[PDB]
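Working notes, beginning with the structure itself.
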Amino acid sequence: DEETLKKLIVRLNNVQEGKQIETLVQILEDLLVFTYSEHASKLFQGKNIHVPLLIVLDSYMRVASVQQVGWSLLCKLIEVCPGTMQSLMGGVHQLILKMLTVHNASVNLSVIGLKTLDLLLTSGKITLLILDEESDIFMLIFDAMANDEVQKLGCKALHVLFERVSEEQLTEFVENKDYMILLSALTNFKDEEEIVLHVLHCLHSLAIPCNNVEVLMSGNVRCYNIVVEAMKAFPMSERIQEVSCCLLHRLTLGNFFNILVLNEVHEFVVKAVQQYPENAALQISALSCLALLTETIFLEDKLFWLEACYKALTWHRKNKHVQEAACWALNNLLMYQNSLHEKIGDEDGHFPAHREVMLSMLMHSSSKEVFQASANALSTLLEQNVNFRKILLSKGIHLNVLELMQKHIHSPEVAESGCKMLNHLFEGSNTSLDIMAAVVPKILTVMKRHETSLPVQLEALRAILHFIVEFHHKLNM
Amino acid sequence: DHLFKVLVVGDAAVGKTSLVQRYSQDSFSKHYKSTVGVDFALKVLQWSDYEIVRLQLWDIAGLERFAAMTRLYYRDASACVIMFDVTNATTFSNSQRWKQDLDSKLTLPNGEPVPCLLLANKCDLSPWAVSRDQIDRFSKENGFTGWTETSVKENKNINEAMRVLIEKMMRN
Ligand SMILES: Nc1nc2c(ncn2[C@@H]2O[C@H](COP(=O)(O)OP(=O)(O)NP(=O)(O)O)[C@H](O)[C@H]2O)c(=O)[nH]1
Ligand SMILES: [Mg+2]
């Protein structure tokens with residue numbers, strides 16, 4: 001048992017004959033891959049088992065045997081020994097990059113090296129060492145790409161290398177790297193779900209710089225490939241749809257007038273939010289993307305959007321971002337489509353999105369963005385349908401938002417949205433003296449605190465205008 | 001003037017809205033319905049001269065009792081109340097669960113527990129109606145601020161109990 005392993009590792013330190021050491025390493029690798037016990041993981045974790053092997057492989061590069069089986073041996077050891085990654089750091093990256101550099105031009109030698117690199121990069125804190133080497137790891141992997149395992153491992157790798165290459169590094173990459181992947185694999189492995197996932201999220205990672213959108217939209221290649229992947233590759237895959245959706249969200253800008261493609265992606269977005277409504281995975285990205293694209297497109301679907309937004313609020317009350325994006329989408333939809341004003345409400349067959357929006361506002365007072373979006377949404381809703389007036393008033397909205405603007409005062413946008421919402425809420429109604437005393441001083445103080453901002457002044461003046469006009473004695477006070 | 005928030009919690013189908021409609025919308029009895037989500041009501045009380053208080057009643061839906069009772073509802077809240085129907089001991093165990101949950105996930109600026117009141121709903125129904133002797137055990141064991149019988153349809157003691165609870169709340 002362990003006595004034979006001790007003899008093998010002792011003989012491994014001799015480094016006498018390359019062929020004999022190769023056969024011994026092969027025998028040790030064959031014996032180590034078993035489910036009998038953790039004898040190979042005897043907690044020693046001695047580098048003397050594998051450091052001389054990699055030293056021999058690097059120095060004697062012509063020895064293909066040690067290259068072929070030493071990588072498999074270390075892969076098996078890492079997959080078996082739990083603390084092998086802990087033994088890696090606290091180097092080996094330089095050794096593996098030299099292995100990939102000098103003589104890994106063969107398919108068999110390349111695939112094992114890329115697999116070992118992929119499993120090593122799952123540990124963390126070693127990517128910085130990999131990116132600060134001298135072997136040009138990005139150039140190495142670019143030169144590596146044409147076999148399926150190579151590709152599925154070319155990606156699942158790179159995926160982490162794009163985390164901090166540099167916005168500039170991505171910019172250098174956009175010139176030539178896109179072809180070595182998008183052209184190289186999306187077409188080639190059109191039938192490889194994991195490869196498609198890795199390629200799509202690598203596109204996500206490289207899409208961070210703003211200048212590269214024009215490069216990505218050179219011939220609408222990004223939009224077409226992602227739409228085709230969403231349509232065909234993944235009818236019922238959550239990860240693919242989520243990644244493609246995040247690409248959609250990050251690829252919305254002043255060039256949004258991709259009319260036909262607009263319609264296409266809009267449909268795909270609907271499909272996404274209708275087929276996986278259980279996590280932030282799709283909801284936030286799609287709703288924000290959808291809101292902008294719906295504004296552009298509108299210049300049925302609206303009912304589906306209302307339902308999707310209602311479940312978005314319902315199932316993710318704890319996340320500020322989800323609610324913000326969903327209520328913003330509801331606002332932007334209701335702005336361009338007013339026919340559904342009666343289609344929403346407390347009555348049966350209509351989504352009660354009012355109480356949900358109010359609950360969102362109360363439960364996330366600390367964020368100005370959620371207040372801004374939800375306030376604009378329910379203000380537009382109140383302007384659309386007159387029936388909702390005096391119902392929220394009876395529900396406790398006025399003094400509540402007054403206290404909220406009292407809490408949030410350092411920003412002008414929040415004050416402007418609050419004043420606009422008060423204007424559209426209190427229109428066409430008559431209040432009492434108590435409401436006057438509870439409303440006018442607070443809004444006057446808010447207007448004083450933000451005197452320079454023109455929209456805040458306009459909205460405040462409009463609200464005061466619509467709101468200003470025994471009993472005589474009280475009114476005098 | 002001041003504003004405050006009160007959270008009404010309890011078991012399912014106990015007529016939570018009935019009480020909140022009776023105290024604010026002046027709607028009592030009526031049809032028995034299921035509360036899908038959290039609903040709101042406003043109350044204005046002229047407790048003292050030049051001192052008018054506003055109350056926001058949040059009637060938490062008890063259908064998803066097994067679901068995690070998020071602290072966001074109790075966040076910034078100033079008062080709470082547990083109301084259970086008197087025709088089921090399961091409602092009594094549920095009220096104990098609500099008490100434990102609020103004691104675990106509610107905080108005050110002074111750190112003391114916020115006032116709580118045990119509402120014995122619709123006592124105007126046979127047979128377990130005036131079993132105050134059994135209720136007194138939990139009344140003194142749980143350390144509740146108050147306990148009071150009530151009937152949503154008849155509104156026999158909603159007003160006095162609410163006045164006592166709000167007076168206790170401003171007493172802190
Ligand atoms: N037996 C009896 N039933 C009453 C009395 N008063 C009201 N009810 C009935 O009880 C019903 C309770 O329905 P509802 O208020 O909608 O229940 P809810 O508790 O708000 N639903 P949820 O638990 O989700 O909040 C209605 O109030 C009425 O039909 C009463 O004095 N006796
Ligand atoms: Mg109810």
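Every residue, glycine among them, receives a Cβ derived from its backbone with ideal geometry; neighbour counts consider all protein chains shown. What follows draws every value from the coordinates through simple rules; no lab data is involved.
Among the residues here, B:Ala68 does not qualify as within 12 Å of ligand 1 (Cβ to nearest atom) and either in contact with a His (Cβ under 7 Å, 6 or more places away or on another chain) or of a type in the set (A, V, I, L, M) (or both).
Filter the range A:359-387 down to the residues that are in contact with a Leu (Cβ under 7 Å, 6 or more places away or on another chain) and either outside any loop (DSSP other than H, G, I, E, B) or more than 14 Å from chain B (Cβ to nearest Cβ) (or both), then identify the one that is nearest to B:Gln25 (Cα to Cα). Filtering first and then ranking leaves A:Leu382.
Beta carbons closer than 6 Å, at least 6 apart along the sequence or on distinct chains, pair a first residue in the range B:12-39 that is more than 12 Å from chain A (Cβ to nearest Cβ) with a second that is charged (D, E, K, R) and within 8 Å of ligand 2 (Cβ to nearest atom) for B:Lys16/B:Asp59; B:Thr17/B:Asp59.
Among the residues of the range B:62-80, is there at least one that is within 16 Å of ligand 2 (Cβ to nearest atom), more than 14 Å from chain A (Cβ to nearest Cβ) and surrounded by 20 or more Cβ atoms within 10 Å (Cβ to Cβ)? Yes, because at least one residue in the range B:62-80 is within 16 Å of ligand 2 (Cβ to nearest atom), more than 14 Å from chain A (Cβ to nearest Cβ) and surrounded by 20 or more Cβ atoms within 10 Å (Cβ to Cβ).
Restricting attention to the range A:40-86, and to residues there that are hydroxyl-bearing (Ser, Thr, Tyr) and in a loop (DSSP other than H, G, I, E, B), which single residue is nearest to A:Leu100 (Cα to Cα)? Out of the qualifying residues, it is A:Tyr60. Which pairs have Cβ atoms under 7 Å, sit 6 or more apart or on different chains, and link a residue in the range A:307-323 that is within 14 Å of another protein chain (Cβ to nearest Cβ) and assigned to a helix (DSSP H, G or I) to one that is surrounded by fewer than 20 Cβ atoms within 10 Å (Cβ to Cβ) and small (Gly, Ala, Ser)? Listed by first residue and then by second, the contacts come to A:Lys320/A:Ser367; A:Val322/A:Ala280. Search the range B:7-16 for residues being surrounded by 21 or more Cβ atoms within 10 Å (Cβ to Cβ) and closer than 24 Å to B:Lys105 by Cα, and hand back the single one that is nearest to ligand 2 (Cβ to nearest atom). Here the answer is B:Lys16. The set of residues from the range A:175-192 being part of a helix (DSSP H, G or I) and of a type in the set (A, V, I, L, M, F, W, C) comprises A:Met180, A:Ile181, A:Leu182, A:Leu183, A:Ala185, A:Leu186.
Here is the figure for the range A:390-407: residues that are within 19 Å of A:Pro441 (Cβ to Cβ) and more than 8 Å from chain B (Cβ to nearest Cβ) total 9. Among the residues of the range B:17-58, those identified as closer than 21 Å to B:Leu72 by Cα and either loosely packed, with under 14 Cβ neighbours inside 10 Å or more than 13 Å from ligand 2 (Cβ to nearest atom) (or both) are B:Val36, B:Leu42, B:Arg54, B:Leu55, B:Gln56.
Only one entry in A:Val51, A:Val25, A:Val80 is surrounded by 12 or more Cβ atoms within 10 Å (Cβ to Cβ), more than 41 Å from the chain's Cα centre (by Cα), among the hydrophobic types (A, V, I, L, M, F, W, C) and closer than 21 Å to A:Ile112 by Cα, namely A:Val25. Let me confirm something: among A:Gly418, A:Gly428, which residue is under 29 Å from A:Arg355 (Cβ atoms) and outside any helix (DSSP H, G or I)? Exactly one residue qualifies, and that residue is A:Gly428.
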